[PDB]
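Here is the file my_file.txt (compact mmCIF, N, CA and C atoms).
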# COMPACT_ATOMS: atom_id res chain seq x y z
N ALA A 651 18.69 45.67 -24.78
CA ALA A 651 18.87 44.39 -25.45
C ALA A 651 17.54 43.68 -25.66
N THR A 652 16.66 43.70 -24.65
CA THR A 652 15.36 43.06 -24.80
C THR A 652 14.53 43.74 -25.88
N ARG A 653 14.52 45.07 -25.90
CA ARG A 653 13.80 45.79 -26.95
C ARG A 653 14.41 45.51 -28.32
N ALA A 654 15.74 45.55 -28.41
CA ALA A 654 16.40 45.33 -29.69
C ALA A 654 16.13 43.93 -30.22
N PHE A 655 16.15 42.93 -29.34
CA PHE A 655 15.89 41.56 -29.75
C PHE A 655 14.42 41.29 -30.02
N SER A 656 13.54 42.23 -29.70
CA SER A 656 12.13 42.07 -30.03
C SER A 656 11.88 42.07 -31.53
N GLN A 657 12.87 42.47 -32.34
CA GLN A 657 12.75 42.44 -33.79
C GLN A 657 13.16 41.10 -34.38
N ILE A 658 13.70 40.18 -33.58
CA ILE A 658 14.05 38.86 -34.09
C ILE A 658 12.78 38.05 -34.27
N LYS A 659 12.62 37.44 -35.44
CA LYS A 659 11.43 36.69 -35.78
C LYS A 659 11.68 35.20 -35.61
N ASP A 660 10.67 34.49 -35.11
CA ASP A 660 10.77 33.05 -34.87
C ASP A 660 11.91 32.73 -33.91
N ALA A 661 12.04 33.54 -32.86
CA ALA A 661 12.99 33.26 -31.79
C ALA A 661 12.63 34.14 -30.60
N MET A 662 12.33 33.52 -29.46
CA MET A 662 11.97 34.27 -28.25
C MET A 662 13.24 34.65 -27.49
N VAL A 663 13.97 35.60 -28.06
CA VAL A 663 15.21 36.09 -27.47
C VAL A 663 14.87 37.22 -26.51
N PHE A 664 15.29 37.07 -25.25
CA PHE A 664 15.08 38.11 -24.25
C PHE A 664 16.19 38.03 -23.21
N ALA A 665 16.60 39.19 -22.72
CA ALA A 665 17.72 39.30 -21.80
C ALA A 665 17.22 39.65 -20.40
N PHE A 666 17.96 39.19 -19.40
CA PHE A 666 17.61 39.47 -18.01
C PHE A 666 18.87 39.45 -17.16
N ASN A 667 18.77 40.07 -15.99
CA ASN A 667 19.87 40.15 -15.05
C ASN A 667 19.88 38.94 -14.13
N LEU A 668 21.07 38.59 -13.65
CA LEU A 668 21.20 37.46 -12.74
C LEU A 668 20.53 37.78 -11.40
N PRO A 669 20.08 36.76 -10.68
CA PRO A 669 19.51 37.01 -9.35
C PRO A 669 20.56 37.57 -8.40
N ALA A 670 20.08 38.25 -7.36
CA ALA A 670 21.00 38.80 -6.37
C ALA A 670 21.84 37.70 -5.74
N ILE A 671 21.23 36.55 -5.46
CA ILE A 671 21.93 35.39 -4.92
C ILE A 671 21.74 34.26 -5.93
N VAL A 672 22.82 33.89 -6.61
CA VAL A 672 22.71 32.94 -7.72
C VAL A 672 22.31 31.56 -7.22
N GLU A 673 22.68 31.21 -5.98
CA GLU A 673 22.36 29.89 -5.46
C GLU A 673 20.87 29.60 -5.55
N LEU A 674 20.03 30.62 -5.40
CA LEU A 674 18.59 30.50 -5.56
C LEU A 674 18.19 30.92 -6.97
N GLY A 675 16.94 30.64 -7.31
CA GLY A 675 16.40 31.04 -8.60
C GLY A 675 16.02 32.50 -8.62
N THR A 676 14.93 32.83 -9.31
CA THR A 676 14.47 34.21 -9.35
C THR A 676 14.06 34.69 -7.96
N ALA A 677 13.45 33.81 -7.17
CA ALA A 677 13.03 34.12 -5.80
C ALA A 677 11.94 35.19 -5.76
N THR A 678 11.26 35.42 -6.88
CA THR A 678 10.15 36.37 -6.95
C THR A 678 8.96 35.70 -7.61
N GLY A 679 7.77 36.08 -7.16
CA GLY A 679 6.55 35.46 -7.66
C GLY A 679 6.20 34.22 -6.87
N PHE A 680 5.83 33.15 -7.57
CA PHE A 680 5.49 31.89 -6.92
C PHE A 680 5.80 30.74 -7.86
N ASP A 681 5.96 29.56 -7.28
CA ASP A 681 6.26 28.33 -8.02
C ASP A 681 5.19 27.31 -7.67
N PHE A 682 4.45 26.86 -8.68
CA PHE A 682 3.27 26.03 -8.50
C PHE A 682 3.44 24.76 -9.33
N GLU A 683 3.36 23.60 -8.67
CA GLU A 683 3.56 22.31 -9.33
C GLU A 683 2.22 21.59 -9.41
N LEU A 684 1.70 21.46 -10.63
CA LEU A 684 0.50 20.68 -10.86
C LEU A 684 0.88 19.21 -10.99
N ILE A 685 0.23 18.35 -10.21
CA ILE A 685 0.62 16.95 -10.08
C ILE A 685 -0.54 16.06 -10.50
N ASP A 686 -0.20 14.92 -11.10
CA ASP A 686 -1.19 13.92 -11.52
C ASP A 686 -1.29 12.87 -10.43
N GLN A 687 -2.32 12.97 -9.60
CA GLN A 687 -2.45 12.13 -8.41
C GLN A 687 -3.22 10.84 -8.66
N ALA A 688 -3.66 10.58 -9.89
CA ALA A 688 -4.45 9.38 -10.17
C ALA A 688 -4.01 8.71 -11.46
N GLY A 689 -2.77 8.93 -11.89
CA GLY A 689 -2.28 8.29 -13.10
C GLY A 689 -3.07 8.65 -14.34
N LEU A 690 -3.48 9.91 -14.46
CA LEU A 690 -4.19 10.34 -15.66
C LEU A 690 -3.28 10.37 -16.88
N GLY A 691 -1.97 10.36 -16.69
CA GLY A 691 -1.04 10.36 -17.79
C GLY A 691 -0.63 11.75 -18.21
N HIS A 692 0.19 11.79 -19.26
CA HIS A 692 0.65 13.07 -19.79
C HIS A 692 -0.45 13.79 -20.55
N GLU A 693 -1.20 13.07 -21.38
CA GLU A 693 -2.15 13.73 -22.27
C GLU A 693 -3.23 14.46 -21.48
N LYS A 694 -3.79 13.82 -20.45
CA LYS A 694 -4.83 14.46 -19.66
C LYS A 694 -4.25 15.52 -18.72
N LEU A 695 -3.02 15.33 -18.26
CA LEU A 695 -2.41 16.34 -17.39
C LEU A 695 -2.19 17.65 -18.14
N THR A 696 -1.77 17.57 -19.40
CA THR A 696 -1.60 18.79 -20.19
C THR A 696 -2.93 19.52 -20.34
N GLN A 697 -4.02 18.78 -20.54
CA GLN A 697 -5.33 19.42 -20.61
C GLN A 697 -5.66 20.13 -19.30
N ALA A 698 -5.35 19.50 -18.17
CA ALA A 698 -5.57 20.15 -16.88
C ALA A 698 -4.71 21.41 -16.76
N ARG A 699 -3.45 21.34 -17.20
CA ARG A 699 -2.59 22.51 -17.13
C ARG A 699 -3.12 23.63 -18.00
N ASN A 700 -3.56 23.31 -19.22
CA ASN A 700 -4.12 24.34 -20.09
C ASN A 700 -5.37 24.96 -19.48
N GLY B 751 12.79 -23.35 -12.81
CA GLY B 751 12.71 -22.16 -11.98
C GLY B 751 11.60 -21.23 -12.41
N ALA B 752 11.50 -20.97 -13.72
CA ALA B 752 10.48 -20.06 -14.22
C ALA B 752 9.08 -20.61 -13.99
N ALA B 753 8.89 -21.91 -14.22
CA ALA B 753 7.56 -22.49 -14.10
C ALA B 753 7.11 -22.56 -12.65
N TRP B 754 7.98 -23.04 -11.76
CA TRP B 754 7.60 -23.31 -10.38
C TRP B 754 8.04 -22.23 -9.41
N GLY B 755 8.88 -21.29 -9.84
CA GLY B 755 9.40 -20.27 -8.94
C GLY B 755 9.03 -18.86 -9.35
N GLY B 756 8.80 -18.65 -10.64
CA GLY B 756 8.45 -17.34 -11.14
C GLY B 756 9.68 -16.53 -11.49
N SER B 757 9.77 -16.08 -12.74
CA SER B 757 10.93 -15.34 -13.23
C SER B 757 10.51 -13.91 -13.52
N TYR B 758 11.23 -12.96 -12.93
CA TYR B 758 11.00 -11.54 -13.18
C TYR B 758 11.65 -11.16 -14.50
N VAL B 759 10.84 -10.94 -15.53
CA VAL B 759 11.37 -10.72 -16.87
C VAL B 759 11.88 -9.29 -17.02
N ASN B 760 11.00 -8.31 -16.89
CA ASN B 760 11.35 -6.91 -17.02
C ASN B 760 10.13 -6.08 -16.63
N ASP B 761 10.31 -4.77 -16.56
CA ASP B 761 9.26 -3.89 -16.11
C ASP B 761 8.27 -3.59 -17.23
N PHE B 762 7.13 -3.02 -16.86
CA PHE B 762 6.15 -2.54 -17.82
C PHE B 762 5.43 -1.35 -17.20
N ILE B 763 4.83 -0.54 -18.06
CA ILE B 763 4.20 0.72 -17.65
C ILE B 763 2.73 0.45 -17.37
N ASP B 764 2.31 0.69 -16.13
CA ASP B 764 0.94 0.48 -15.70
C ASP B 764 0.36 1.82 -15.27
N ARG B 765 -0.53 2.38 -16.09
CA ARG B 765 -1.15 3.67 -15.79
C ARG B 765 -0.10 4.71 -15.43
N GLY B 766 0.99 4.72 -16.20
CA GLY B 766 2.05 5.68 -16.01
C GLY B 766 3.11 5.28 -15.00
N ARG B 767 2.93 4.17 -14.29
CA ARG B 767 3.88 3.70 -13.29
C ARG B 767 4.54 2.42 -13.77
N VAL B 768 5.83 2.30 -13.48
CA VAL B 768 6.64 1.17 -13.95
C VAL B 768 6.48 0.02 -12.97
N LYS B 769 6.06 -1.13 -13.47
CA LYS B 769 5.77 -2.29 -12.64
C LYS B 769 6.38 -3.53 -13.28
N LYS B 770 6.67 -4.53 -12.45
CA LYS B 770 7.37 -5.72 -12.91
C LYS B 770 6.47 -6.58 -13.80
N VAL B 771 7.11 -7.43 -14.60
CA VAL B 771 6.43 -8.45 -15.39
C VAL B 771 6.96 -9.80 -14.96
N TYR B 772 6.06 -10.74 -14.68
CA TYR B 772 6.43 -12.04 -14.16
C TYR B 772 5.88 -13.13 -15.07
N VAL B 773 6.65 -14.21 -15.21
CA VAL B 773 6.20 -15.43 -15.86
C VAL B 773 6.28 -16.55 -14.84
N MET B 774 5.19 -17.29 -14.68
CA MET B 774 5.15 -18.35 -13.68
C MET B 774 4.01 -19.28 -14.03
N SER B 775 4.23 -20.58 -13.85
CA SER B 775 3.27 -21.58 -14.31
C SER B 775 1.91 -21.34 -13.69
N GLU B 776 0.86 -21.61 -14.46
CA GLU B 776 -0.49 -21.44 -13.94
C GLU B 776 -0.69 -22.34 -12.73
N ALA B 777 -1.52 -21.86 -11.80
CA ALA B 777 -1.62 -22.51 -10.50
C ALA B 777 -2.06 -23.97 -10.59
N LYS B 778 -2.70 -24.37 -11.68
CA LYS B 778 -3.20 -25.74 -11.77
C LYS B 778 -2.08 -26.75 -11.96
N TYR B 779 -0.98 -26.34 -12.59
CA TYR B 779 0.02 -27.28 -13.10
C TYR B 779 1.30 -27.32 -12.27
N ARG B 780 1.33 -26.71 -11.10
CA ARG B 780 2.53 -26.74 -10.25
C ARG B 780 2.15 -26.89 -8.78
N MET B 781 1.26 -27.84 -8.49
CA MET B 781 0.79 -28.07 -7.13
C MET B 781 1.20 -29.41 -6.53
N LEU B 782 1.35 -30.45 -7.33
CA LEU B 782 1.61 -31.78 -6.82
C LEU B 782 2.94 -32.32 -7.34
N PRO B 783 3.51 -33.32 -6.67
CA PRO B 783 4.77 -33.90 -7.16
C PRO B 783 4.66 -34.44 -8.58
N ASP B 784 3.52 -35.03 -8.94
CA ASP B 784 3.37 -35.62 -10.26
C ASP B 784 3.23 -34.57 -11.35
N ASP B 785 2.87 -33.33 -11.00
CA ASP B 785 2.76 -32.28 -12.01
C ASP B 785 4.09 -32.02 -12.70
N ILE B 786 5.21 -32.35 -12.05
CA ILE B 786 6.51 -32.19 -12.68
C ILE B 786 6.64 -33.06 -13.92
N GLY B 787 5.82 -34.11 -14.03
CA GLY B 787 5.93 -35.03 -15.15
C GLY B 787 5.40 -34.48 -16.46
N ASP B 788 4.58 -33.43 -16.41
CA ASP B 788 4.00 -32.85 -17.62
C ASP B 788 4.77 -31.63 -18.12
N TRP B 789 5.93 -31.35 -17.54
CA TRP B 789 6.77 -30.24 -17.98
C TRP B 789 7.87 -30.76 -18.90
N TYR B 790 7.91 -30.22 -20.11
CA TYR B 790 8.81 -30.67 -21.16
C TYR B 790 9.74 -29.53 -21.55
N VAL B 791 11.01 -29.87 -21.77
CA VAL B 791 12.02 -28.91 -22.20
C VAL B 791 12.50 -29.33 -23.59
N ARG B 792 12.52 -28.38 -24.52
CA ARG B 792 12.91 -28.68 -25.89
C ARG B 792 14.41 -28.99 -25.95
N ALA B 793 14.76 -30.01 -26.72
CA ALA B 793 16.16 -30.37 -26.91
C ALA B 793 16.73 -29.65 -28.13
N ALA B 794 18.04 -29.81 -28.32
CA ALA B 794 18.71 -29.15 -29.43
C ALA B 794 18.23 -29.66 -30.78
N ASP B 795 17.67 -30.86 -30.84
CA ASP B 795 17.20 -31.45 -32.09
C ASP B 795 15.74 -31.16 -32.37
N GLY B 796 15.07 -30.37 -31.52
CA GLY B 796 13.69 -30.00 -31.72
C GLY B 796 12.69 -30.88 -30.98
N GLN B 797 13.11 -32.04 -30.51
CA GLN B 797 12.22 -32.91 -29.76
C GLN B 797 11.93 -32.31 -28.38
N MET B 798 10.81 -32.73 -27.80
CA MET B 798 10.41 -32.32 -26.46
C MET B 798 10.66 -33.49 -25.51
N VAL B 799 11.48 -33.25 -24.49
CA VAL B 799 11.83 -34.29 -23.52
C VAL B 799 11.19 -33.95 -22.18
N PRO B 800 10.70 -34.93 -21.42
CA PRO B 800 10.11 -34.64 -20.12
C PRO B 800 11.17 -34.48 -19.04
N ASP C 301 6.34 12.56 16.48
CA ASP C 301 6.52 13.47 15.36
C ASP C 301 6.50 12.73 14.03
N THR C 302 6.90 11.46 14.01
CA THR C 302 6.78 10.66 12.79
C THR C 302 5.34 10.27 12.53
N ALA C 303 4.61 9.86 13.57
CA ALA C 303 3.20 9.52 13.39
C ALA C 303 2.40 10.72 12.92
N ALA C 304 2.71 11.90 13.45
CA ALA C 304 2.05 13.11 12.97
C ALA C 304 2.38 13.37 11.51
N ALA C 305 3.64 13.16 11.12
CA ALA C 305 4.02 13.37 9.73
C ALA C 305 3.29 12.40 8.81
N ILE C 306 3.19 11.13 9.22
CA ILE C 306 2.48 10.15 8.40
C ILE C 306 1.00 10.51 8.30
N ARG C 307 0.39 10.87 9.42
CA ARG C 307 -1.03 11.23 9.40
C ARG C 307 -1.27 12.45 8.52
N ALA C 308 -0.39 13.45 8.60
CA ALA C 308 -0.50 14.60 7.71
C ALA C 308 -0.29 14.19 6.26
N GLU C 309 0.67 13.30 6.01
CA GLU C 309 0.92 12.84 4.65
C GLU C 309 -0.28 12.11 4.08
N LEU C 310 -0.89 11.22 4.87
CA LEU C 310 -2.04 10.47 4.37
C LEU C 310 -3.21 11.38 4.05
N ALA C 311 -3.26 12.56 4.66
CA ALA C 311 -4.33 13.50 4.35
C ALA C 311 -4.18 14.13 2.98
N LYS C 312 -2.99 14.05 2.38
CA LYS C 312 -2.77 14.57 1.04
C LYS C 312 -3.16 13.59 -0.05
N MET C 313 -3.51 12.35 0.30
CA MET C 313 -3.91 11.34 -0.66
C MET C 313 -5.38 11.00 -0.60
N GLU C 314 -6.02 11.17 0.55
CA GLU C 314 -7.43 10.82 0.68
C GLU C 314 -8.31 11.51 -0.35
N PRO C 315 -8.12 12.79 -0.67
CA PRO C 315 -9.00 13.42 -1.66
C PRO C 315 -9.00 12.71 -3.01
N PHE C 316 -7.91 12.03 -3.37
CA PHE C 316 -7.76 11.44 -4.69
C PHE C 316 -8.00 9.93 -4.69
N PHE C 317 -8.64 9.40 -3.66
CA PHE C 317 -8.92 7.98 -3.62
C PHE C 317 -9.96 7.61 -4.67
N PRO C 318 -9.97 6.36 -5.12
CA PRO C 318 -11.09 5.87 -5.92
C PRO C 318 -12.34 5.75 -5.06
N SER C 319 -13.48 5.68 -5.74
CA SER C 319 -14.76 5.64 -5.04
C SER C 319 -14.78 4.51 -4.02
N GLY C 320 -14.88 4.88 -2.74
CA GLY C 320 -15.12 3.94 -1.67
C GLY C 320 -13.91 3.58 -0.84
N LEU C 321 -12.71 3.65 -1.41
CA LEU C 321 -11.52 3.24 -0.67
C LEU C 321 -11.32 4.15 0.54
N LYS C 322 -11.02 3.54 1.68
CA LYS C 322 -10.95 4.23 2.96
C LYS C 322 -9.69 3.82 3.70
N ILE C 323 -9.21 4.71 4.56
CA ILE C 323 -8.05 4.44 5.41
C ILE C 323 -8.54 4.14 6.82
N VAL C 324 -8.07 3.02 7.37
CA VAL C 324 -8.38 2.63 8.74
C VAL C 324 -7.07 2.34 9.46
N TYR C 325 -7.02 2.70 10.74
CA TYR C 325 -5.82 2.51 11.54
C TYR C 325 -6.02 1.36 12.51
N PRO C 326 -5.73 0.12 12.11
CA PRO C 326 -5.99 -1.03 12.99
C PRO C 326 -4.97 -1.22 14.09
N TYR C 327 -3.85 -0.50 14.06
CA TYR C 327 -2.79 -0.74 15.03
C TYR C 327 -1.83 0.43 14.98
N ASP C 328 -1.60 1.07 16.13
CA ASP C 328 -0.73 2.22 16.18
C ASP C 328 -0.36 2.45 17.63
N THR C 329 0.94 2.51 17.92
CA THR C 329 1.43 2.61 19.28
C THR C 329 1.72 4.05 19.71
N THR C 330 1.46 5.04 18.86
CA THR C 330 1.75 6.42 19.23
C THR C 330 0.69 7.02 20.14
N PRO C 331 -0.60 6.70 19.99
CA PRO C 331 -1.59 7.27 20.92
C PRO C 331 -1.27 6.99 22.37
N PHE C 332 -0.75 5.80 22.68
CA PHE C 332 -0.39 5.51 24.07
C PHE C 332 0.70 6.45 24.55
N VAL C 333 1.71 6.71 23.71
CA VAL C 333 2.76 7.65 24.09
C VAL C 333 2.17 9.04 24.30
N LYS C 334 1.30 9.47 23.39
CA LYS C 334 0.68 10.79 23.52
C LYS C 334 -0.26 10.83 24.71
N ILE C 335 -1.16 9.86 24.82
CA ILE C 335 -2.20 9.93 25.84
C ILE C 335 -1.62 9.71 27.23
N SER C 336 -0.69 8.77 27.37
CA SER C 336 -0.11 8.51 28.69
C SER C 336 0.55 9.76 29.24
N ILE C 337 1.35 10.44 28.42
CA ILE C 337 2.00 11.67 28.87
C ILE C 337 0.96 12.72 29.22
N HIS C 338 -0.09 12.84 28.40
CA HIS C 338 -1.17 13.75 28.73
C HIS C 338 -1.96 13.28 29.94
N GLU C 339 -1.74 12.05 30.40
CA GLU C 339 -2.31 11.62 31.66
C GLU C 339 -1.45 12.06 32.83
N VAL C 340 -0.13 11.92 32.70
CA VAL C 340 0.77 12.39 33.75
C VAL C 340 0.66 13.90 33.90
N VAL C 341 0.49 14.61 32.78
CA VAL C 341 0.31 16.06 32.86
C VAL C 341 -0.93 16.39 33.66
N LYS C 342 -1.99 15.59 33.51
CA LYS C 342 -3.18 15.80 34.32
C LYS C 342 -2.87 15.61 35.80
N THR C 343 -2.09 14.57 36.13
CA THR C 343 -1.70 14.38 37.52
C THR C 343 -0.79 15.50 37.99
N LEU C 344 0.09 15.99 37.12
CA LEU C 344 0.96 17.10 37.49
C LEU C 344 0.14 18.34 37.83
N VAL C 345 -0.85 18.66 37.00
CA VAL C 345 -1.74 19.77 37.31
C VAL C 345 -2.66 19.41 38.47
N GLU C 346 -3.15 18.17 38.51
CA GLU C 346 -4.03 17.76 39.59
C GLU C 346 -3.28 17.66 40.91
N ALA C 347 -1.95 17.50 40.87
CA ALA C 347 -1.17 17.48 42.10
C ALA C 347 -1.03 18.87 42.69
N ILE C 348 -0.82 19.88 41.84
CA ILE C 348 -0.70 21.25 42.33
C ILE C 348 -2.00 21.69 42.99
N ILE C 349 -3.14 21.33 42.39
CA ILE C 349 -4.43 21.71 42.96
C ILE C 349 -4.61 21.08 44.33
N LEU C 350 -4.21 19.81 44.48
CA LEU C 350 -4.33 19.15 45.77
C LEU C 350 -3.34 19.70 46.78

In structure tokens, write the structure found in this file.
Amino acid sequence: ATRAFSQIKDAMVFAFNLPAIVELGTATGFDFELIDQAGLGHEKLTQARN
Amino acid sequence: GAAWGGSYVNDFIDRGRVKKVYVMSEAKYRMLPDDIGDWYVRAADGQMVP
Amino acid sequence: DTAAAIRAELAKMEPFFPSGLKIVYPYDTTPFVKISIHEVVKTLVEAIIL
């Protein structure tokens, strides 16, 4: 399905399997939250994220 | 109440954080008993009454 | 355990302070609880030695 949907243009269609335990998320990799600790706002925070 | 007590109007955004907005008479004009004499409230006919 | 949590929490904000702003602890009743018990522990160990 993921390979077949790779032919769809202007749409990021991709398929995946549910996690082993749905109560949690993917539970693989890492989750990192970049935070604005000095009120830099949205515009400067996006620059930091990029 | 607004002049001598301070009225919380509504919030405002301060460096990305929501903070209150207050209206309250300047400190010079609400200190003595006689200062009440210079406060005027508009009447329905447009005149200013003390 | 609450004072430790607060002290650990305040360590997550100090890096992002504006130039010059500092944290000072002018009053805190937890050191007495910590130190006094660590004084009785000294007597407990010092009692066994005697």

Write out as an MDAnalysis selection string which residues come within 12 Å of residue 697 of chain A when counting only C-alpha atoms, dropping same-chain ones fewer than 4 positions away.
-> chainID A and resid 684 686 690:693

Minimum-distance residue to residue 773 of chain B, chosen among B:794, B:799, B:786, B:752 (using only C-alpha atoms) =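 Among B:794, B:799, B:786, B:752, it is B:752 that comes nearest to residue 773 of chain B.
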
Pick out each residue of segment 654-692 of chain A that DSSP on the backbone tags as alpha helix (DSSP H); I need them as a VMD selection string.
-> chain A and resid 654 to 655 691 to 692

For the selection just defined, write its residues with N, CA and C atoms to a file, as a PDB file, keeping the file's coordinate frame.
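Result went into part_29.pdb, see below:
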ATOM      1  N   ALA A 654      15.740  45.550 -28.410  1.00  0.00           N
ATOM      2  CA  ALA A 654      16.400  45.330 -29.690  1.00  0.00           C
ATOM      3  C   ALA A 654      16.130  43.930 -30.220  1.00  0.00           C
ATOM      4  N   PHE A 655      16.150  42.930 -29.340  1.00  0.00           N
ATOM      5  CA  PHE A 655      15.890  41.560 -29.750  1.00  0.00           C
ATOM      6  C   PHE A 655      14.420  41.290 -30.020  1.00  0.00           C
ATOM      7  N   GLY A 691      -1.970  10.360 -16.690  1.00  0.00           N
ATOM      8  CA  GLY A 691      -1.040  10.360 -17.790  1.00  0.00           C
ATOM      9  C   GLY A 691      -0.630  11.750 -18.210  1.00  0.00           C
ATOM     10  N   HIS A 692       0.190  11.790 -19.260  1.00  0.00           N
ATOM     11  CA  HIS A 692       0.650  13.070 -19.790  1.00  0.00           C
ATOM     12  C   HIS A 692      -0.450  13.790 -20.550  1.00  0.00           C
TER      13      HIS A 692
END

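Summary of the local environment: counting only N, CA and C atoms, residues at most 7 Å from segment 311-316 of chain C, other than itself and those fewer than 5 positions away along its chain, are residues 687 and 688 of chain A; 306 of chain C.
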
Would you list the contacts of residue 764 of chain B as number ranges by chain, taking every protein, DNA or RNA residue within 8 Å and counting all atoms listed in the file, but skipping same-chain residues closer than 5 positions in sequence?
-> A: 689; B: 769-770

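Our summary of the geometry notes that atom CA of residue 678 of chain A is positioned 16.9 Å from atom CA of residue 665 of chain A.
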
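Between atom C of residue 310 of chain C and atom CA of residue 328 of chain C lies a distance of 15.4 Å.
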
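Interatomic distance, atom CA of residue 778 of chain B against atom CA of residue 755 of chain B: 14.0 Å.
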
Starting from chain B, keep only residues with some atom at most 9 Å from an atom of chain A, counting only C-alpha atoms, and report them as a CSV table (one decimal) with N, CA and C atoms, in the coordinates of the input.
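Result written to selection-v5.csv:
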chain,number,residue,atom,x,y,z
B,764,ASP,N,2.3,0.7,-16.1
B,764,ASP,CA,0.9,0.5,-15.7
B,764,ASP,C,0.4,1.8,-15.3
B,765,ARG,N,-0.5,2.4,-16.1
B,765,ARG,CA,-1.2,3.7,-15.8
B,765,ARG,C,-0.1,4.7,-15.4
B,766,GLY,N,1.0,4.7,-16.2
B,766,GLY,CA,2.0,5.7,-16.0
B,766,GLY,C,3.1,5.3,-15.0
B,767,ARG,N,2.9,4.2,-14.3
B,767,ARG,CA,3.9,3.7,-13.3
B,767,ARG,C,4.5,2.4,-13.8

Will you model N, CA, C and O atoms for segment 323-335 of chain C and pass it back as an mmCIF file, in the coordinates of the input?
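Saved as result.cif:
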data_model
loop_
_atom_site.group_PDB
_atom_site.id
_atom_site.type_symbol
_atom_site.label_atom_id
_atom_site.label_comp_id
_atom_site.auth_asym_id
_atom_site.auth_seq_id
_atom_site.Cartn_x
_atom_site.Cartn_y
_atom_site.Cartn_z
ATOM 1 N N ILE C 323 -9.210 4.710 4.560
ATOM 2 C CA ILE C 323 -8.050 4.440 5.410
ATOM 3 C C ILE C 323 -8.540 4.140 6.820
ATOM 4 O O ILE C 323 -9.317 4.905 7.394
ATOM 5 N N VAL C 324 -8.070 3.020 7.370
ATOM 6 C CA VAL C 324 -8.380 2.630 8.740
ATOM 7 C C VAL C 324 -7.070 2.340 9.460
ATOM 8 O O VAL C 324 -6.124 1.808 8.872
ATOM 9 N N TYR C 325 -7.020 2.700 10.740
ATOM 10 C CA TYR C 325 -5.820 2.510 11.540
ATOM 11 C C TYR C 325 -6.020 1.360 12.510
ATOM 12 O O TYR C 325 -6.454 1.576 13.651
ATOM 13 N N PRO C 326 -5.730 0.120 12.110
ATOM 14 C CA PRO C 326 -5.990 -1.030 12.990
ATOM 15 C C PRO C 326 -4.970 -1.220 14.090
ATOM 16 O O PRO C 326 -5.191 -2.057 14.970
ATOM 17 N N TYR C 327 -3.850 -0.500 14.060
ATOM 18 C CA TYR C 327 -2.790 -0.740 15.030
ATOM 19 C C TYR C 327 -1.830 0.430 14.980
ATOM 20 O O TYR C 327 -1.304 0.760 13.915
ATOM 21 N N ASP C 328 -1.600 1.070 16.130
ATOM 22 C CA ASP C 328 -0.730 2.220 16.180
ATOM 23 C C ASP C 328 -0.360 2.450 17.630
ATOM 24 O O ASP C 328 -1.245 2.562 18.485
ATOM 25 N N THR C 329 0.940 2.510 17.920
ATOM 26 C CA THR C 329 1.430 2.610 19.280
ATOM 27 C C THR C 329 1.720 4.050 19.710
ATOM 28 O O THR C 329 2.205 4.251 20.829
ATOM 29 N N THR C 330 1.460 5.040 18.860
ATOM 30 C CA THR C 330 1.750 6.420 19.230
ATOM 31 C C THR C 330 0.690 7.020 20.140
ATOM 32 O O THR C 330 1.039 7.809 21.028
ATOM 33 N N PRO C 331 -0.600 6.700 19.990
ATOM 34 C CA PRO C 331 -1.590 7.270 20.920
ATOM 35 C C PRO C 331 -1.270 6.990 22.370
ATOM 36 O O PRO C 331 -1.508 7.845 23.230
ATOM 37 N N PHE C 332 -0.750 5.800 22.680
ATOM 38 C CA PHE C 332 -0.390 5.510 24.070
ATOM 39 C C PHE C 332 0.700 6.450 24.550
ATOM 40 O O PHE C 332 0.650 6.948 25.683
ATOM 41 N N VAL C 333 1.710 6.710 23.710
ATOM 42 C CA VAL C 333 2.760 7.650 24.090
ATOM 43 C C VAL C 333 2.170 9.040 24.300
ATOM 44 O O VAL C 333 2.502 9.732 25.268
ATOM 45 N N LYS C 334 1.300 9.470 23.390
ATOM 46 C CA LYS C 334 0.680 10.790 23.520
ATOM 47 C C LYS C 334 -0.260 10.830 24.710
ATOM 48 O O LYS C 334 -0.177 11.747 25.540
ATOM 49 N N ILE C 335 -1.160 9.860 24.820
ATOM 50 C CA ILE C 335 -2.200 9.930 25.840
ATOM 51 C C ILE C 335 -1.620 9.710 27.230
ATOM 52 O O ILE C 335 -2.007 10.392 28.186
#
